[PDB]
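Peer 1: Got an experimental structure here, sequence first:
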Amino acid sequence: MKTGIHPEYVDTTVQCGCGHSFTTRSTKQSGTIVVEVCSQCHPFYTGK
Amino acid sequence: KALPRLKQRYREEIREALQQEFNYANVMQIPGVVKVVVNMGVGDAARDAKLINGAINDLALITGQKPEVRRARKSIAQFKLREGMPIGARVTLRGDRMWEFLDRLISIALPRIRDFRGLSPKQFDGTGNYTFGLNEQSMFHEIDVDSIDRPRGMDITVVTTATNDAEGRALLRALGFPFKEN
Amino acid sequence: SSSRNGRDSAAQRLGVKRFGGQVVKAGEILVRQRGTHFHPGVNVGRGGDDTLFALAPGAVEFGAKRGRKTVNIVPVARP
Amino acid sequence: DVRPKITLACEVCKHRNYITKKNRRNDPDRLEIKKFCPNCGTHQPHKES
Amino acid sequence: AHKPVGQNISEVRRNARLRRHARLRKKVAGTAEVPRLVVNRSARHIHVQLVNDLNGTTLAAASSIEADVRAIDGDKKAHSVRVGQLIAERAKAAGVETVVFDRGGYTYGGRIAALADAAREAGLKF
Amino acid sequence: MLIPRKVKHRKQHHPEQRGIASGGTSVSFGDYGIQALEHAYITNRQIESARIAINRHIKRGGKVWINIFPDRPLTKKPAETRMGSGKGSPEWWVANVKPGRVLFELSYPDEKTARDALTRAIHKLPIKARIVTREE
RNA sequence: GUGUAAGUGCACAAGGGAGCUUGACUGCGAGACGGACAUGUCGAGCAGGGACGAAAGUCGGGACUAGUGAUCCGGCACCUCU
């Protein structure tokens, strides 16, 4: 893992409009990312 | 100490599910994922190289490691493409970084595609690996839509230790892939 | 009506100068070659132009190794 | 002349020692080379005159 | 019925080591007065031999297999250092003081690195 | 008139006429064939004149195989010229034929017409030839 | 595929990539190749001072063979010569 050549990897959590929460890492500097539609929210994943 | 959930999911539930339905002779034949590689072919860099600088940063924020700029190894006159000029960028993912990308794409990103309809299950390679491409980069959360200049798409392909297509389709569909049903 | 050909170079006198079974001093040129048709073996050194020569006195002996022609020198016995 | 003959002078004793060629269009500037200076007896930087 | 499709990593690593050990072997050779010191490395042990390529015979050998090295409380590098001393004493008992080092196609560093200098300090001039 | 579409070298030494044919000494396609007996360069036109002669006699039925192809060129210097000043331009294409070589092969229902037809072709070739059938 | 014609070579790479660097050196050179003569070519190794390498070692331009002009006359710099 090269020292400085890489974008800083931020530990973050996913919060969705259905109340579902996910824990991961990402590039988002805020450290917390929101979303309007998720896999649970998305009708296609639910067969709708 | 730490554990990605999808790898925690694969180790616990998925690994046994594959074994039960395929009745492997030995444990080590359980198909897992090896790596996920993402590349974007510009092709328009044959005229203006300014697009390449734009393409690099898009992938870096998408994944978490700066692309490896790929020189062109052939000189094709019809493309006005010369030897060695940058034409595409590619990112390889191994270790925990696949799962974080794989989960973030499955749960949040893939539903965010404009008029998302699913992915065809016949996009396999015959050897047990999946490929599928996209048309826009503004779909990702990490890239700000105002900061974009033009939709540049990007291709995702996953490599698994499966041999045949059925084993591969069992792995990805049970992994949460929104496969179309032909 | 005339010929556009007729140009040729000098003849370079290549070949195997020292043949198998001959006693050679140090430094004598064994083969004068262009490519590595003959490859160096034991106590045979390669020149700049792939000319082969001898680093130690002895008797020449051609041999093969891994499907490659090689030239060697056997250390002839002192009387 | 694209490749004009140039000569190298030792930086210390200013002895014109060697003579090579270089592509003036490719390297318009003077040449920085370390070489063996015979009278000095030790490698010294050599300047193209 | 399982038919593996691709090269297994174990054989890719095994073939690559053999390929890059031959290109090392172009210049390195051993002799009854300057034997080649061949090194073989594995995830659990390490082995060395003194080879005289004129007739292809081994003069002395040492390895982490011997329980003396196994009983060393240290690390893999500590086992390697113990091996380096062992081959050296066996070398002097055979009447050799100068060798050449065939690193065996492994990158010179870590366990091999500890192996070479441990023998170097013990009196093996190379 | 058979000529090669392209040839690597256009000016060549004359093909040598020593020995007898080693390959292609037996009829393979048809039932009858013409076997050479003397060395001669069977040129491009002689093949055409002979092949036409076969077709005229057998009329409609049957098939003709020409095992000889004239791909070896021959040159001539321009007329009324002293010697020297290089090699002449290629003029006619010949195919080197040795005794035992089978040139033509003809397949036809009845024997008598087939032998007569091949006989006319022989008279258009410089070599002394004989007609040979398929069996032993 | 090898900067460049053809041939001999090269996959063990002499082909592709990366790090350092200037041996694209000084004084010499046993032994040879080829030759009417004049030219031309290979050279292990020794010494000085270096480069890469842990070390063994390699390096007196380029995978090899073309890319050049004798002598007289004259220019420039150095030398403990007259």
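Peer 2: That came through fine. Residues are numbered from 1 along each chain as shown, chains lettered A, B, ... in the order given.
Peer 1: now stretch F:91-104: how far from the chain's centre is it?
Peer 2: Remark: stretch F:91-104 is offset 4 Å from the chain centroid, using C-alpha atoms, centre = their mean, to the nearest Å.
Peer 1: And for stretch B:137-157?
Peer 2: 14 Å.
Peer 1: How many residues are close by residue 35?
Peer 2: With no chain named, the answer covers chain A. 20 (other C-beta atoms under 10 Å in any protein chain shown). Where C-beta positions appear, they are placed from N, C-alpha and C, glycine not excepted.
Peer 1: um, chain F though
Peer 2: 19.
Peer 1: and if you look at residue E:4?
Peer 2: 9.
Peer 1: Quick check: it vs chain C, distance?
Peer 2: As for residue E:4, its distance to chain C is 31 Å (criterion: C-beta to the nearest C-beta, to the nearest Å).
Peer 1: helix or strand for residue C:61, which one?
Peer 2: Using DSSP states H and E, residue C:61 sits within strand C:58-65.
Peer 1: Report the strands that pair with that strand, each with its relative direction.
Peer 2: When pairing is defined by DSSP bridges, strand C:58-65 lines up against strand C:23-24 (antiparallel), strand C:68-74 (antiparallel).
Peer 1: Now render these as JSON lines, adding mean neighbour count.
Peer 2: Below are the strands paired with strand C:58-65 laid out as JSON lines (neighbours: other C-beta atoms under 10 Å in any protein chain shown):
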{"stretch": "strand C:23-24", "mean neighbour count": "16"}
{"stretch": "strand C:68-74", "mean neighbour count": "17"}
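Peer 1: phi, psi of the residue of chain D found nearest chain F?
Peer 2: Closest approach between chain D and chain F, counting by C-beta to the nearest C-beta: residue D:2, at 38.4 Å. For residue D:2, the backbone dihedrals (degrees, to the nearest 10) come out as phi 60, psi -60.
Peer 1: cool, and residue B:155?
Peer 2: Given degrees, to the nearest 10, the pair of backbone angles that residue B:155 has is phi -110, psi 130.
Peer 1: Specify the beta-bridge partners of it.
Peer 2: residue B:39, residue B:133.
Peer 1: immediately after the helix of greatest length in chain E, which helix or strand?
Peer 2: Secondary structure assigned by DSSP state H gives helix E:76-93 as the longest helix of chain E. Of the helices and strands lying after helix E:76-93 in sequence (DSSP H and E), the nearest is strand E:100-102.
Peer 1: all strands for the chain, in order.
Peer 2: Here I'm looking at chain A. A:10-16, A:21-26, A:33-35 (DSSP state E).
Peer 1: let's do chain D instead
Peer 2: Under DSSP E, chain D gives strands at D:5-10, D:16-21, D:32-37, D:42-48.
Peer 1: May I have the last one exported as PDB, CA atoms only?
Peer 2: Coordinates of the C-alpha atoms in strand D:42-48 are reproduced here as PDB (Å, rounded to 0.1, in the frame of the first residue of the first chain):
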ATOM      1  CA  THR D  42      41.500  11.100 -10.900                       C
ATOM      2  CA  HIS D  43      38.100  11.300 -12.500                       C
ATOM      3  CA  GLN D  44      37.100  15.000 -12.800                       C
ATOM      4  CA  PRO D  45      34.100  16.600 -14.400                       C
ATOM      5  CA  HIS D  46      34.600  17.400 -18.000                       C
ATOM      6  CA  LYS D  47      33.200  20.400 -19.800                       C
ATOM      7  CA  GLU D  48      32.500  20.600 -23.500                       C
END
